[PDB]
2 protein chains.
Amino acid sequence: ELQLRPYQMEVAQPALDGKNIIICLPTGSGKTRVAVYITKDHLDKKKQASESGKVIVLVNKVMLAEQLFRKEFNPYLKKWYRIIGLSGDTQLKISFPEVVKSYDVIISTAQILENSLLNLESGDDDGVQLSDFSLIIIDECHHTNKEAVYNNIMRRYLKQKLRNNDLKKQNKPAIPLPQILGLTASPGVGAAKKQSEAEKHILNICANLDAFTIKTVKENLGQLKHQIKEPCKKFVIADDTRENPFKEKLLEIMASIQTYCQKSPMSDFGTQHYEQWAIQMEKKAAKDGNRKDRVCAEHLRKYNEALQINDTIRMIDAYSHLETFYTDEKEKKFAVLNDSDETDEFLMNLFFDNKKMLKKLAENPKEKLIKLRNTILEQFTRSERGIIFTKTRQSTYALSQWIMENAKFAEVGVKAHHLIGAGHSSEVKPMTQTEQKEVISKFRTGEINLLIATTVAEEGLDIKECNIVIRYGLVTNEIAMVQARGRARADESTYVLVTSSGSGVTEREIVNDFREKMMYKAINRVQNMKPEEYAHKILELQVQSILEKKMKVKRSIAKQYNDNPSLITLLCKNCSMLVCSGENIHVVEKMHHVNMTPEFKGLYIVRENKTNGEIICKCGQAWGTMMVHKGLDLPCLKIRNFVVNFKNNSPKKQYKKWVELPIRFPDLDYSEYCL
Amino acid sequence: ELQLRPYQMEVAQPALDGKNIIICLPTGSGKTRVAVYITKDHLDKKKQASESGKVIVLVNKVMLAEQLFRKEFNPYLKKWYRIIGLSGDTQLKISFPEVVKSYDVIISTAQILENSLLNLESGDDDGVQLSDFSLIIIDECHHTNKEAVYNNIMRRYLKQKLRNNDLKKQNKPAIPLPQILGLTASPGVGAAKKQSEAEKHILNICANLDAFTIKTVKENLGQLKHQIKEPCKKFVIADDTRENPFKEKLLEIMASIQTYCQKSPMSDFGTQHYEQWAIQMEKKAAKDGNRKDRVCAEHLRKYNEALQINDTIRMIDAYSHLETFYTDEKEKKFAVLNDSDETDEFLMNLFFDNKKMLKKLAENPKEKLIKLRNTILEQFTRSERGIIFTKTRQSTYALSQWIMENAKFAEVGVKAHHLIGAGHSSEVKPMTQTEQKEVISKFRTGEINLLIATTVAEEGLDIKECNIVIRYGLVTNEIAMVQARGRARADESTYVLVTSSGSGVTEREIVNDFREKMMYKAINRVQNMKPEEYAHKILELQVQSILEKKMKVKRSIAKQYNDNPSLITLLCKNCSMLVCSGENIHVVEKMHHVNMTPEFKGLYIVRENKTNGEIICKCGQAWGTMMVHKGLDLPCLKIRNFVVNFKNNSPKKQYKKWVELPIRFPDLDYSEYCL
RNA sequence: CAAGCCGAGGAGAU
RNA sequence: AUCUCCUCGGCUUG
RNA sequence: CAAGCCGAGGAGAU
RNA sequence: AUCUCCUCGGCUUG
Ligand SMILES: Nc1ncnc2c1ncn2[C@@H]1O[C@H](COP(=O)(O)OP(=O)(O)OP(=O)(O)O)[C@@H](O)[C@H]1O
Ligand SMILES: Nc1ncnc2c1ncn2[C@@H]1O[C@H](COP(=O)(O)OP(=O)(O)OP(=O)(O)O)[C@@H](O)[C@H]1O
Ligand SMILES: [Zn+2]
Ligand SMILES: [Zn+2]
């Protein structure tokens, strides 16, 4: 039943017989079907060869593993051989080492295999070796980078390959090495200005992947051009001339607070440099133990980010963010007072006094939003799907709120939903993988006609067809832009970019376009190179990478060696008071820290407002949570909100992290808490 | 919205229609607005001409490019056309060749364009040609000199122009050449005594720029005289009669050390000739391999420079400099001994024994500083900005320390800060471009009322208004003086010069004044000349310059031809011992050198005190650093601290430089370091 | 469904 | 090399 | 933020 | 033509 096409033959013909190589075709070129066909051919050759045929497929994203399991690999290969799809979300509840030798076909994230090999080296588990495999297939090869996961696996493979070469000169016996295949569309450039450097980056990629070729289509390219239609390019610009009243009022309060705290701005307002200066002032205040330097800095930061989003988000969202922050602060203050400095009262009373007028001033008119609405609605009328790319998740939420609230979209009847990434990213609600999964399914079937997504959807997150692809103030790198452009896969596509004229964004878009042109100019060059000098370059890059990794591991071992028991005193950053000693702390689960002595309980204050409570200091500085672990409600504390004081010279140092502290703490002896 | 003035029309009228010319107006005459208006007119003519309009602007300084991008060009031209500002600091991260044909307006440093053209000639990159442009504009035309960057570009242009002329006689087709405009205020004189030679220099400038005219204002000159007010000239002199005690003690130790090392001074003390003699003795000691000749010479040099600054700097700074130098020497000696000649002990013990008495003798009183303070404070009281020009950066630092420490300035409340140049200049901390940028911004907005700067601020570094301009022992050339004088741009200005009466400095100031007078006397002359003989002179100078450049390139190619693999033996200059062979050395990044054999590791000693360590010899002579490159911590060595010994005739030669050695070294073969 | 931990990648400013 | 901002994967607990 | 490399310009003395 | 002292730009590495 398997079906194929000419360009697929031409690209995949070399790999049919050895030739561990890479393949670079645009999106929607059937690369997945190429891969399944190649795997089938390899397994057939093994069977007719009376040799063990093992195939492993590696994908950076978890979803794509199940996607290939459901759509391409299993349907076209179910009957001939045994197949399985692994992932972190999925329970590989047997084990990796033997399922490698139980199904002959593995589809798993690279991290699982990497963990298995590390376990083997540690000797804790029997583990697995690459020799057990006969064919490795890697999707999204462009991620093979300085020390990415793919790069780690390939560095192990290349060390084995160098050992085998050395033996070939020394001893005939050698460890067999499985074939390697790579799939990609935009290999990318490591920020190379000279085309020579771009080719150097391409050769580095090839050496990491041991491809020895690229094998891009050259004969039937016309057929691909006919089948694939590139979206029409559209540029959109804007200027922030309006917004004068409320911006002016906010800047007036800005200047007032600054002069009150006498902060030299050392930079222009509304920029990342100012935030960095604010953080430097935070650190200085920590090293000095004074107030009036950090609360003001955080408030300035909140105002700055509010202003930044205002240029790209409606003022209502910024006002709500600020109000929520101040309400949380006031709840903190009320709790601390309930248990029972002038600048804090100044800030809160300033905001309270001007709260009503600020609300009235923000509610009034005086935007990219109006023109975005114009473009989207006129396009929808002309069409009778849609994707938005932005910077931060709350921007996606604001866009969803805007499209729901406005009645014009309801008149059009366009369906929309907000999609974002997972995990915790500094005050953005983590999103569950399953939730993203039903969102993508709902969009796939048709109910959602508009999908708002962050960089996650830029890569992978494959869809059959997306008619409209519009980016909104998001330009990062050539790979992101090109993959977003190719994600349309529609017969007729509209690629739009929206941003501010003052900001350097259109320049970035054209830079990515030139990077694509340069990628072609370099890929065609490398495809035409002398085999001897070529292989020489691959060897040089391989050996250099292996050596660099070896020195890096040596310096990682040599960097962390102190591990002293107790040589410090931990204080509260906000109020320089002795909070804990260097030994009273105890470790649990080899990851968390806690203080158990009741003397510590007599210092801090417990607070809960909302299923684990949080801790606060006498000065209102948040410390941690009340972890419920194996019965015990242990008070876990975050070093992110503390200060250190060594026993000698008292050099104050803030780490925002535990491992960055070279000295280790003792584990929790439950026997110390008997009765 | 664009606005203009009559003299601007009169000067710029000829350029409106061809007439590749130059313009010479004083500072703050709106030359920038003249340039933007001319560019706008040219682009409009191209548009109505249905022809491609390309404009490129060249500036020697990096900052001025962004300055024109922010203040003059973009604000007045944003809407009509597309604009961009390039620089080394800025990432032209697309490429030069196509951004030339992407925005129609380029503002970049000349070096970038020069590099692009050299790349084109080499054929490595597609590159760019001047034909792609339609109008070239050059600021600071006075820098078009013997083989400056502007001169290189103009020499290429003039070779093309001569080819086009030859074809015009031979073949009608010819490569079109963009118009050329030059902007300046003080074209300058190439040290001409006869007014005929001054006019010759002016004609050389014009020929390099192909100006064919000067077009200085002659009609509305009265209006410029009214609008611009020249600063009042002030001379100040001083004598070093005082300072007898500590100077006498220093000269006593001077004589003691000299007699101990029996050095014929061959010159007077406290002069550059003595330093040159000391360096000659250094070289002789290198050619003989003896001690007691270089350490003493360096100590004498340090004493000499200390004395020189004492005439213009407080003794505390000189004492601190000497103490730091000797502490560094002693740390070196302690390290070398830690691993485990009588004159060195003599020097160190002499300084140690007299250290306390020297400190006590320097602390006592017995200066230009007191009168400088008097003048500055009385002027500040009279005024109810300020700029200081000096020789060396540490002088600026000393001035900042003096103004901060003294309480009288605090009573006045004058704000001050030290500004200096960037880069490494033999034991002066390099300064970052961004740092200079925020310094200039802070002064511009008002917080800094006093800006101490070196020759960098003399040229460019434009400021709206600088009330006070005072120079402190700095007279170099007529251009520096005139530009510093015009940099005031204040309605009322005070130009002051301070220096020693004995030194020949007031003479230099009046020489620069006469040079300005002579520049006018020659510019008015050249503006009135016969067109035929004029063009003849321009042609003669152009052809002469092109021919000279051609012979220079021929002799540069013919000079470096040996490039032998290994014919020498490298020894330590201080101790004549075999340090390395002619082949054991290896090259990396095509710029650095290193020795990898452990036998070399068994010879030198590693030292680190402070993120790269340094190397020292068994005799305490510093050699290089431990470069951390692409993983490897390769030991990089500086030929500046070594001696050479050829395999024949053993002629010792010190180069202070690698390229000056005609023989080349092999690159680093990483394969030689496997495992 | 929530919390925590470990590593990695990309962009922007020093 | 440092700081900031975003994103991915793996592990643990409830 | 630090280090290194390449060229160029100016001043002073032989 | 040589030596010394200052300044500019470009490139690379971390
Ligand atoms: N040989 C083929 N004949 C017909 N259609 C094909 C063939 N190969 C692939 N396709 C089309 O490919 C579409 C799926 O594209 P697919 O996901 O395989 O592309 P891709 O290049 O792997 O994508 P991406 O770059 O997003 O990972 C299917 O709708 C099918 O129509
Ligand atoms: N046509 C004009 N009308 C009014 N003011 C003008 C005009 N042209 C220039 N100016 C004044 O010029 C000042 C800026 O001077 P500018 O930097 O252009 O001088 P410049 O001659 O280029 O300087 P420099 O010699 O330092 O490079 C502005 O403050 C503006 O007041
Ligand atoms: Zn506290
Ligand atoms: Zn030595």
# chains A, B, ... in the order shown; residues from 1 in each chain; ligands from 1
>>> interface_residues(of="chain B", to="chain A", cutoff="12 Å", atoms="only C-alpha atoms", output="CSV table (one decimal) with N, CA, C and O atoms, in the first residue's frame")
chain,number,residue,atom,x,y,z
B,70,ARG,N,20.2,59.5,14.4
B,70,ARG,CA,19.2,59.9,15.4
B,70,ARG,C,18.8,61.4,15.3
B,70,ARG,O,17.6,61.6,15.4
B,74,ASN,N,17.6,60.8,9.9
B,74,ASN,CA,16.3,60.1,10.0
B,74,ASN,C,15.1,61.0,10.3
B,74,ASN,O,14.1,61.0,9.7
B,75,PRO,N,15.3,61.9,11.4
B,75,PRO,CA,14.1,62.7,11.7
B,75,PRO,C,13.6,63.6,10.5
B,75,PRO,O,12.4,63.7,10.4
B,78,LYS,N,12.7,60.5,7.5
B,78,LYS,CA,12.2,59.2,7.7
B,78,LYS,C,11.1,58.8,6.8
B,78,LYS,O,11.1,57.7,6.2
B,79,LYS,N,10.1,59.7,6.5
B,79,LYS,CA,8.9,59.4,5.8
B,79,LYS,C,9.2,59.2,4.3
B,79,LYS,O,8.7,58.2,3.7
B,82,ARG,N,13.8,55.3,2.7
B,82,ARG,CA,14.3,54.3,3.7
B,82,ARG,C,15.7,54.6,4.1
B,82,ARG,O,16.6,55.0,3.3
B,83,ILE,N,16.0,54.5,5.4
B,83,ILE,CA,17.2,54.9,6.0
B,83,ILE,C,17.7,53.8,6.9
B,83,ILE,O,17.0,53.0,7.4
B,84,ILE,N,19.1,53.9,7.2
B,84,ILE,CA,19.7,52.9,8.1
B,84,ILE,C,21.0,53.4,8.5
B,84,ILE,O,21.7,54.1,7.8
B,85,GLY,N,21.4,53.1,9.7
B,85,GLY,CA,22.7,53.4,10.2
B,85,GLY,C,23.6,52.2,10.6
B,85,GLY,O,23.2,51.4,11.4
B,91,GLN,N,25.5,45.7,14.4
B,91,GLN,CA,25.5,44.5,13.6
B,91,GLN,C,24.8,44.8,12.3
B,91,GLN,O,23.6,44.9,12.2
B,92,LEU,N,25.6,44.9,11.2
B,92,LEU,CA,25.0,45.0,9.9
B,92,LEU,C,24.6,43.5,9.5
B,92,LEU,O,24.9,43.1,8.4
B,93,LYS,N,23.9,42.9,10.3
B,93,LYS,CA,23.8,41.4,10.4
B,93,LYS,C,23.2,40.8,9.1
B,93,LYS,O,23.1,39.6,9.0
B,94,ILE,N,22.7,41.7,8.2
B,94,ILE,CA,22.3,41.1,6.9
B,94,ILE,C,23.5,40.9,6.0
B,94,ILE,O,24.0,39.8,5.8
B,95,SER,N,24.1,42.0,5.5
B,95,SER,CA,25.3,42.1,4.8
B,95,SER,C,25.4,43.5,4.2
B,95,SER,O,24.4,44.2,4.3
B,96,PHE,N,26.6,43.9,3.8
B,96,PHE,CA,26.7,45.2,3.2
B,96,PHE,C,26.2,45.2,1.7
B,96,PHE,O,25.4,46.1,1.4
B,97,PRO,N,26.6,44.2,0.9
B,97,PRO,CA,26.3,44.4,-0.5
B,97,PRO,C,24.9,44.6,-0.9
B,97,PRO,O,24.6,45.4,-1.8
B,98,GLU,N,24.0,43.9,-0.2
B,98,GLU,CA,22.6,44.0,-0.6
B,98,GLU,C,21.8,45.1,0.2
B,98,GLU,O,20.9,45.7,-0.3
B,99,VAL,N,22.3,45.4,1.4
B,99,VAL,CA,21.7,46.6,2.1
B,99,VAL,C,22.0,47.8,1.4
B,99,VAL,O,21.3,48.8,1.5
B,102,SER,N,19.0,48.0,-0.8
B,102,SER,CA,17.8,47.6,0.0
B,102,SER,C,17.2,48.8,0.6
B,102,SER,O,16.0,48.8,0.9
B,103,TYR,N,17.9,49.9,1.0
B,103,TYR,CA,17.4,51.0,1.7
B,103,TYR,C,17.6,52.4,1.0
B,103,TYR,O,17.0,53.3,1.4
B,116,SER,N,34.4,45.8,2.2
B,116,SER,CA,33.5,45.2,1.2
B,116,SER,C,34.2,45.2,-0.1
B,116,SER,O,34.2,44.2,-0.9
B,119,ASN,N,37.0,42.7,-0.3
B,119,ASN,CA,36.4,41.3,-0.4
B,119,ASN,C,36.0,41.1,-1.9
B,119,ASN,O,36.2,40.0,-2.4
B,123,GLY,N,37.4,38.3,-4.4
B,123,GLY,CA,36.4,37.4,-5.0
B,123,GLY,C,35.8,36.4,-4.0
B,123,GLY,O,35.0,35.6,-4.4
B,124,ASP,N,36.1,36.5,-2.7
B,124,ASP,CA,35.5,35.6,-1.7
B,124,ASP,C,34.0,35.8,-1.6
B,124,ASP,O,33.2,34.9,-1.6
B,125,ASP,N,33.5,37.1,-1.6
B,125,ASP,CA,32.1,37.4,-1.5
B,125,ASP,C,31.7,38.2,-2.8
B,125,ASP,O,32.6,38.8,-3.5
B,126,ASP,N,30.4,38.2,-3.1
B,126,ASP,CA,29.9,39.0,-4.2
B,126,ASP,C,30.4,40.4,-4.2
B,126,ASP,O,30.8,41.0,-5.2
B,127,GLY,N,30.4,41.0,-3.0
B,127,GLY,CA,30.9,42.4,-2.8
B,127,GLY,C,30.0,43.4,-3.4
B,127,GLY,O,28.9,43.2,-3.7
B,434,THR,N,30.5,52.0,24.7
B,434,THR,CA,29.3,52.2,25.4
B,434,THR,C,29.5,53.1,26.6
B,434,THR,O,28.6,54.0,26.9
B,435,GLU,N,30.6,52.9,27.3
B,435,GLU,CA,30.9,53.8,28.5
B,435,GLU,C,31.0,55.2,28.1
B,435,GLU,O,30.4,56.1,28.6
B,437,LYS,N,29.7,56.5,25.6
B,437,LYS,CA,28.4,56.9,25.1
B,437,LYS,C,27.5,57.4,26.2
B,437,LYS,O,26.9,58.5,26.1
B,438,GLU,N,27.5,56.7,27.3
B,438,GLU,CA,26.7,57.2,28.4
B,438,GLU,C,27.3,58.4,29.1
B,438,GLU,O,26.6,59.3,29.6
B,439,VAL,N,28.6,58.5,29.0
B,439,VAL,CA,29.3,59.7,29.5
B,439,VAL,C,28.8,60.9,28.7
B,439,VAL,O,28.5,62.0,29.3
B,440,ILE,N,28.9,60.8,27.4
B,440,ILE,CA,28.5,61.9,26.5
B,440,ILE,C,27.0,62.3,26.7
B,440,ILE,O,26.6,63.4,26.8
B,441,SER,N,26.2,61.2,26.9
B,441,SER,CA,24.8,61.5,27.1
B,441,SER,C,24.5,62.2,28.4
B,441,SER,O,23.7,63.2,28.5
B,442,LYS,N,25.2,61.8,29.5
B,442,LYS,CA,25.0,62.4,30.8
B,442,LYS,C,25.5,63.9,30.7
B,442,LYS,O,24.8,64.7,31.3
B,443,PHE,N,26.6,64.2,30.1
B,443,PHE,CA,27.0,65.5,29.9
B,443,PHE,C,26.0,66.3,29.1
B,443,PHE,O,25.7,67.5,29.4
B,445,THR,N,22.7,66.0,28.8
B,445,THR,CA,21.5,66.3,29.5
B,445,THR,C,21.7,67.3,30.6
B,445,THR,O,20.7,68.0,31.0
B,447,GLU,N,23.8,66.7,33.7
B,447,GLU,CA,24.3,66.3,35.0
B,447,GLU,C,25.7,66.5,35.2
B,447,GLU,O,26.2,67.0,36.3
B,628,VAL,N,42.3,31.1,26.5
B,628,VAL,CA,41.3,30.0,26.6
B,628,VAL,C,40.5,30.1,25.2
B,628,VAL,O,39.6,30.9,25.1
B,629,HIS,N,40.8,29.2,24.3
B,629,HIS,CA,40.3,29.2,23.0
B,629,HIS,C,39.7,27.9,22.6
B,629,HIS,O,40.4,26.9,22.5
B,630,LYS,N,38.4,28.0,22.2
B,630,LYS,CA,37.7,26.8,21.7
B,630,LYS,C,38.0,25.6,22.5
B,630,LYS,O,38.3,24.5,22.0
B,631,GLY,N,37.9,25.7,23.9
B,631,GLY,CA,38.2,24.7,24.8
B,631,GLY,C,39.7,24.7,25.3
B,631,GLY,O,39.9,24.8,26.6
B,632,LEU,N,40.6,24.6,24.4
B,632,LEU,CA,42.0,24.5,24.8
B,632,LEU,C,42.5,25.7,25.6
B,632,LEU,O,42.3,26.8,25.1
B,633,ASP,N,43.2,25.5,26.7
B,633,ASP,CA,43.9,26.6,27.4
B,633,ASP,C,45.3,26.7,26.8
B,633,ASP,O,46.3,26.3,27.5
B,668,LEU,N,48.6,25.0,13.9
B,668,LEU,CA,48.5,24.0,14.9
B,668,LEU,C,47.7,22.8,14.4
B,668,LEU,O,46.5,23.0,14.0
B,669,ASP,N,48.3,21.6,14.3
B,669,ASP,CA,47.7,20.4,13.9
B,669,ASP,C,47.1,19.7,15.1
B,669,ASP,O,47.8,19.1,15.9
B,670,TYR,N,45.8,19.9,15.3
B,670,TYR,CA,45.1,19.3,16.5
B,670,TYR,C,45.4,17.8,16.5
B,670,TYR,O,45.4,17.2,17.6
B,671,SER,N,45.5,17.1,15.4
B,671,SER,CA,45.8,15.7,15.4
B,671,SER,C,47.1,15.3,16.1
B,671,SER,O,47.2,14.2,16.6
B,672,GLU,N,48.0,16.3,16.2
B,672,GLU,CA,49.3,16.0,17.0
B,672,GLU,C,49.0,15.9,18.5
B,672,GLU,O,49.9,15.5,19.2
B,673,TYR,N,47.8,16.3,18.9
B,673,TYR,CA,47.5,16.3,20.3
B,673,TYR,C,46.4,15.3,20.7
B,673,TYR,O,45.8,15.4,21.8
B,674,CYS,N,46.1,14.4,19.8
B,674,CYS,CA,45.1,13.4,20.1
B,674,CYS,C,45.5,12.6,21.4
B,674,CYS,O,46.6,12.3,21.6
B,675,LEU,N,44.4,12.4,22.2
B,675,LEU,CA,44.6,11.6,23.5
B,675,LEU,C,45.6,12.3,24.4
B,675,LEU,O,45.8,13.5,24.3
>>> residues_near_ligand(ligand="ligand 3", cutoff="9 Å", atoms="only C-alpha atoms (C1' of nucleotides) and all ligand atoms", output="list in words")
residues 571, 572, 573, 574, 575, 576, 577, 579, 604, 616, 617, 618, 619, 620, 621, 622 and 642 of chain A
>>> write_last_selection(atoms="N, CA and C atoms", output="tab-separated table (two decimals), in the first residue's frame")
chain	number	residue	atom	x	y	z
A	571	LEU	N	21.05	34.90	56.13
A	571	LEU	CA	20.26	36.01	56.64
A	571	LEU	C	19.15	36.34	55.65
A	572	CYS	N	18.16	37.07	56.15
A	572	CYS	CA	17.09	37.57	55.29
A	572	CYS	C	17.61	38.76	54.50
A	573	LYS	N	17.45	38.70	53.18
A	573	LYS	CA	17.99	39.75	52.32
A	573	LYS	C	17.38	41.11	52.66
A	574	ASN	N	16.06	41.15	52.84
A	574	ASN	CA	15.39	42.43	53.08
A	574	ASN	C	15.80	43.02	54.42
A	575	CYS	N	15.72	42.23	55.49
A	575	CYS	CA	16.17	42.66	56.81
A	575	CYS	C	17.36	41.80	57.21
A	576	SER	N	18.52	42.44	57.37
A	576	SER	CA	19.76	41.73	57.63
A	576	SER	C	19.73	41.22	59.07
A	577	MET	N	19.07	40.08	59.26
A	577	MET	CA	18.99	39.43	60.55
A	577	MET	C	19.41	37.97	60.39
A	579	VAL	N	18.96	34.50	60.20
A	579	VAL	CA	17.81	33.63	59.98
A	579	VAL	C	18.16	32.18	60.28
A	604	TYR	N	9.83	33.24	61.51
A	604	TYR	CA	9.06	33.57	60.33
A	604	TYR	C	7.56	33.51	60.63
A	616	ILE	N	6.46	33.81	54.92
A	616	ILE	CA	6.85	35.20	54.80
A	616	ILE	C	7.68	35.57	56.02
A	617	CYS	N	8.45	36.64	55.88
A	617	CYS	CA	9.31	37.11	56.95
A	617	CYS	C	8.59	38.18	57.78
A	618	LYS	N	9.22	38.55	58.89
A	618	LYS	CA	8.68	39.64	59.71
A	618	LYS	C	8.59	40.93	58.91
A	619	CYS	N	9.44	41.09	57.90
A	619	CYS	CA	9.44	42.27	57.04
A	619	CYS	C	8.62	42.06	55.77
A	620	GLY	N	7.88	40.96	55.67
A	620	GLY	CA	7.01	40.74	54.54
A	620	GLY	C	7.67	40.15	53.31
A	621	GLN	N	8.89	39.63	53.43
A	621	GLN	CA	9.60	39.05	52.30
A	621	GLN	C	9.26	37.57	52.19
A	622	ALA	N	8.71	37.17	51.04
A	622	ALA	CA	8.36	35.77	50.84
A	622	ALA	C	9.60	34.89	50.84
A	642	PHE	N	16.87	35.06	49.80
A	642	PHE	CA	17.71	35.12	50.99
A	642	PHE	C	19.06	35.72	50.63
>>> atom_distance(atom1="atom CA of residue B:484", atom2="atom CA of residue B:458")
5.0 Å
>>> residues_near_ligand(ligand="ligand 1", cutoff="7 Å", atoms="only C-alpha atoms (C1' of nucleotides) and all ligand atoms", output="MDAnalysis selection string")
chainID A and resid 3:5 25:33 185 460 462 464 487
>>> residues_around(residues="residue D:4", least_positions_apart="6", cutoff="8 Å", atoms="only C-alpha atoms (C1' of nucleotides)", output="ChimeraX atom specification")
/A:272,275-276 /C:12-13
>>> write_last_selection(atoms="C-alpha atoms (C1' of nucleotides)", output="PDB file, in the first residue's frame")
ATOM      1  CA  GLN A 272      16.125  46.254  29.002  1.00  0.00           C
ATOM      2  CA  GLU A 275      15.855  46.655  33.999  1.00  0.00           C
ATOM      3  CA  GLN A 276      19.439  45.407  34.207  1.00  0.00           C
TER       4      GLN A 276
ATOM      5  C1'   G C  12      17.989  41.296  23.620  1.00  0.00           C
ATOM      6  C1'   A C  13      21.468  44.383  26.487  1.00  0.00           C
TER       7        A C  13
END
>>> interface_residues(of="chain C", to="chain A", cutoff="8 Å", atoms="only C-alpha atoms (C1' of nucleotides)", output="ChimeraX atom specification")
/C:2-3,5,8-13
>>> select_by_dssp(residues="stretch 98-321 of chain B", states="strand (DSSP E)", output="list in words")
residues 105, 106, 107, 108, 109, 135, 136, 137, 138, 139, 179, 180, 181, 182, 183, 184, 232, 233, 234, 235 and 236 of chain B
>>> residues_around(residues="residue A:312", least_positions_apart="5", cutoff="9 Å", atoms="only C-alpha atoms (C1' of nucleotides)", output="list in words")
residues 367, 368, 369, 395, 472, 473, 499 and 500 of chain A
>>> select_by_dssp(residues="stretch 196-332 of chain B", states="alpha helix (DSSP H)", output="ChimeraX atom specification")
/B:196-209,221-227,244-261,272-288,295-310,315-332
>>> atom_distance(atom1="atom CA of residue A:534", atom2="atom CA of residue A:155")
19.3 Å
>>> decode(residues="stretch 297-327 of chain B", atoms="C-alpha atoms", output="compact mmCIF listing (two decimals), in the first residue's frame")
# COMPACT_ATOMS: atom_id res chain seq x y z
CA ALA B 297 66.81 51.61 31.90
CA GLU B 298 63.16 50.84 32.65
CA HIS B 299 63.46 52.26 36.17
CA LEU B 300 65.07 55.39 34.74
CA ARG B 301 62.21 55.64 32.25
CA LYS B 302 59.63 55.37 35.03
CA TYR B 303 61.40 58.07 37.02
CA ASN B 304 61.54 60.26 33.91
CA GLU B 305 57.84 59.95 33.13
CA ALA B 306 57.02 60.51 36.81
CA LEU B 307 59.04 63.73 36.72
CA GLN B 308 57.37 64.81 33.48
CA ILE B 309 53.90 64.36 34.95
CA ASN B 310 54.98 66.10 38.16
CA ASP B 311 55.41 69.30 36.16
CA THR B 312 51.75 68.87 35.20
CA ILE B 313 50.38 66.41 37.81
CA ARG B 314 50.42 66.16 41.59
CA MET B 315 53.23 64.11 43.09
CA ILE B 316 50.78 61.68 44.72
CA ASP B 317 49.89 60.19 41.34
CA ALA B 318 53.54 59.73 40.36
CA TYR B 319 54.35 58.11 43.70
CA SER B 320 51.37 55.77 43.38
CA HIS B 321 52.45 54.82 39.84
CA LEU B 322 55.99 54.05 40.98
CA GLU B 323 54.76 52.11 44.01
CA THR B 324 52.42 50.01 41.88
CA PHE B 325 55.21 49.25 39.42
CA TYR B 326 57.60 48.18 42.17
CA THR B 327 54.92 46.11 43.92
